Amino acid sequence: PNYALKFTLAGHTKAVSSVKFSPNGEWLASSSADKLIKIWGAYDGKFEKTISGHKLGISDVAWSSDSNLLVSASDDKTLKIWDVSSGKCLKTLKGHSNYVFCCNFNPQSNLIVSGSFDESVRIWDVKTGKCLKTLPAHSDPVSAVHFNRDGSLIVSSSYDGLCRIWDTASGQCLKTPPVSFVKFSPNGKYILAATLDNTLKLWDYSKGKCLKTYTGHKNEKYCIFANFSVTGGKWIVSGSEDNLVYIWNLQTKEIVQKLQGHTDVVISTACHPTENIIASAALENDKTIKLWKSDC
């Protein structure tokens, strides 16, 4: 690929924590330690609006399938569901007893999954705003939660060193250094897992076997988002503690590009759902989001 910097998105006043593209490709959402969500045009980086209400910093944000809703996870121990077009808080999800660190809608978007420093994973009904299930998932803070393609499985990761797969309907576990990030692949067959020993691994969760290992980035302290890029060449994309965006060939595991420009840890990256566009976001020496575009 030839990702090149097209726009820098300034406005957050503390570290950015997460960036996500809306499923319809129109919007980028960012969350920050400054307690704010900001919405940006996905193709031109144009600032659209600020969404406020959380009492403390926000760690994560995630879109509903129809791109109409956002859920945010906050240090104020709540999640908030937002109407993106109005900016209004629709529901506040209360139940966690410590910082909420990660969140996601299921593909149907009738459920939200959250992970918290309270070491639990919670499953929430979007329509009633009530907690359906509290999973005693881990023995250290939960670093990531992700639904598979039909919402039947949740993958979770933790500083306890474990990655677990949960049956959504029952909340029961199906399968078991800190594991700092996990997510299902777009076909739902693989799980990409980061560990705080500077290593990403692609797992066949059916076989429970590691198929690929990606290194060259720096990751020993922070939970850094990673992604499958599928709109063009099949890459793995991650931030890094050396302030760069790393792109690997998924099959050969070779580094194909390093994106330079940020001035602090690249804590989050995201991949546009239909175009060859990457968003990246950095910690508080930088506080900006960058939009990069590739011809393939």
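Note that residue numbering follows the sequence shown and begins at 1.
Pick one of none, 1 to 3, 4 to 9 or 10 or more for the number of deposited-sequence residues not modelled between residue 176 and residue 177.
-> Some 4 to 9 residues are missing between them.
Hey, which bit's got the bigger mean C-alpha B factor in the entry, 68-76 or 81-89?
-> Between 81-89 and 68-76, it is 81-89 that shows the higher mean C-alpha B-factor.
Per the entry, where is the mean C-alpha temperature factor higher: 199-207 or 212-220?
-> So the stretch with the higher mean C-alpha B-factor is 199-207.
Which of these has the highest Cα B-factor in the record: 138, 146, 122, 130?
-> That would be 130.
Which listed residue, 97, 180, 104, 110, has the largest C-alpha temperature factor in the record?
-> By C-alpha B-factor in the record, 110 ranks first.
Which third of the chain holds residue 26 when residues are ordered by C-alpha B factor: lowest, middle or highest?
-> Highest third, going by the recorded CA B-factors of the chain.
Chain thirds of CA B-factor: placement of residue 170 | As the PDB entry reports it, the C-alpha B-factor of residue 170 lands in the highest third of its chain.
Is the Cα B-factor recorded for residue 34 in the lowest, middle or highest third of its chain?
-> Lowest third - that is where residue 34 ends up once the chain's C-alpha B-factors are sorted.
Chain thirds of CA B-factor: placement of residue 117 | Residue 117: CA B-factor falls in the lowest third of its chain.
Among the modelled residues of its chain, does the C-alpha B-factor of residue 289 lie in the lowest, middle or highest third?
-> CA B-factor rank for residue 289: lowest third.
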